[PDB]
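Shown here is one chain on its own, the form deposited in one PDB entry, set out as structure tokens.
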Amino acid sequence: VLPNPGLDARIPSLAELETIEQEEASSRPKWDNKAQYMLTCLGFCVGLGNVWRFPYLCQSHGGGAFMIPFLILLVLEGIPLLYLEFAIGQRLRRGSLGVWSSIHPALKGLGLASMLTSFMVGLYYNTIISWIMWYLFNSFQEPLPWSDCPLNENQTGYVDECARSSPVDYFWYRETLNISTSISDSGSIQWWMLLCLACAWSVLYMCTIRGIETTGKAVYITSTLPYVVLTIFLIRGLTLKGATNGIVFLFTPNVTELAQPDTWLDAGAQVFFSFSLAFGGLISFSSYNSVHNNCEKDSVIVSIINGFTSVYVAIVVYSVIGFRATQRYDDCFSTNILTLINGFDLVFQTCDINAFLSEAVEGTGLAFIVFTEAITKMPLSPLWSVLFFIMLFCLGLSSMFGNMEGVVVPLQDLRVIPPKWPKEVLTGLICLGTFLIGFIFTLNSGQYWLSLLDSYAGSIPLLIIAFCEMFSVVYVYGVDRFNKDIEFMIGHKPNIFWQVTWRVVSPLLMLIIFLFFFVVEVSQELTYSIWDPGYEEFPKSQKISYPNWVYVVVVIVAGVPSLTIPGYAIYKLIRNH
């Protein structure tokens, strides 16, 4: 509907697609088998971002008061984008930067904002993978290192921190992070963390060395192991002890918080992190399929698995949450019994079970504090620790293949490295570059920096890219051409569910969410949680205000990608003059 002259020149002819699959055998990559593509989509729409984020947000709002908005916006904003990205990639036979640049030359900004976003989410998730590997490397020890405290110079006093806190809390904050008392206290580089980061990047490079030539074989183990091990943990979880108590707790949501715009905003932004939408990897990956590939059926199958896996992982977390709360209730109970037995042959504790289940975990605690403590209480605790960190490591890796795709393909399409040089060279330099940037999260104050990416700074860009993709495919390229295109690829025009969601519903929902993501989220003061053993009520939570200069970080990490979209468009409409 917007005037777009010259479109037919830039994009492949519909008749040219019938004479491209058997003559572009070289120059362009091909999936060996549809299984390889489906296993790659599984790993990118159900890696971390689904399995890591969803469960945290469940327990940070409400067990079931968050799944409702999540599953509504999965259907009405996620399935439509997922289909759109799959189809547009399959038709225009290019990556994100090739696709938006060919729909209109002023939209090369859309593709640069996806490459930067993909860069930033890869930098975040590979630090989480370096932590996961630290814990996997300490999981080959009969007494898991986080099960016991250290000691004093007298070798008769437990470390006061550990004592005032827990071996788990102390192994996370002191033995792993060696955390400082604020973001201003940088300290220095934790060498043992640096070794784990190098390991994460180096494994990723081994799997992504020749893009889909190598990542397509990696996914046979990396997108299949996580799901079997998560099945083993579902069965272990349900038979834990108080597990059924926890699972009743996420299926009795308070509805008073289903009316909280934050629950809707987090669910909004979770739909794009869950599916890895607006990163651009999905467009590149769908561009290597046959032009007659059924992208509608693929988007639906991926979606159904995404929603089902979201709810499944919430069951595995809450069974373990329920187990922890019940062993506290009991413990606390058994000490209130022991106070009057020690007094009568009188201090007491108030500990109902609903006060323990509804005790939120800040940061990455669900993985390195709750699941780690509960694995030590299980028999063969070292075999459950290794399975848990191997599951998470493979999920991380599967997700990292998509995020790497979304940085490598655009840099190939910007022709910035000599074409002569093998891709292996380009992949390697991205791994080295991002490895060096990730030294900031190896500092004494690293977690604090990683928690800034957990702010709205990590989300605004994703909401802006997704909207612009939808808008540009429907109004700049034209939904009518797009329907004739799909009808050519799969044999039938997309039905009225797709027409309503693309033209009105999805764009309008995205707009509302972006608008009210500033009316509340951005307007609120950015605060974070510090671990300082010199704090009154020490093992308790002291949230403080970030310094002013961190605004100079959120302002770029989010702004730049977002502003790349118009910024490049305005550059292109003043070079024309």
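The term rigid core refers to the maximal set of C-alpha atoms that superpose within 1.5 Å between the two forms. Note that residue numbering begins at 1 and tracks the sequence as displayed.
> Between residues given as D345 and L346, how many of the deposited sequence are not built: none, 1 to 3, 4 to 9, or 10 or more?
The entry has a long gap there, with 10 or more residues left out between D345 and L346.
Not pictured, yet referred to below: the form deposited in another entry.
> Fit the core first: which of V203, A457, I490, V302 then shifts its CA by 2 Å or more between this form and the one not shown?
One residue passes the 2 Å cut-off, namely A457.
> Is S26 among the residues whose Cα moves by 2 Å or more between this form and the one not shown after superposition of the rigid core?
Shift of 2 Å or more: no.
> Rigid core superposed, CA of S523 - does it shift 2 Å or more between this form and the one not shown?
Comparing forms between this form and the one not shown, the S523 CA shifts at least 2 Å.
> Just say closer or farther for the C-alpha distance from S523 to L563 in that other deposited form, relative to the shown form; it changes by 3 Å or more.
Relative to the displayed form, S523 and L563 move farther apart in that other deposited form - a change of at least 3 Å between their C-alphas.
> If the CA atoms of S523 and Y568 move by 3 Å or more in that other deposited form, do they move toward each other or away, so closer or farther than here?
It is farther: the C-alpha separation of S523 and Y568 rises by at least 3 Å in that other deposited form.
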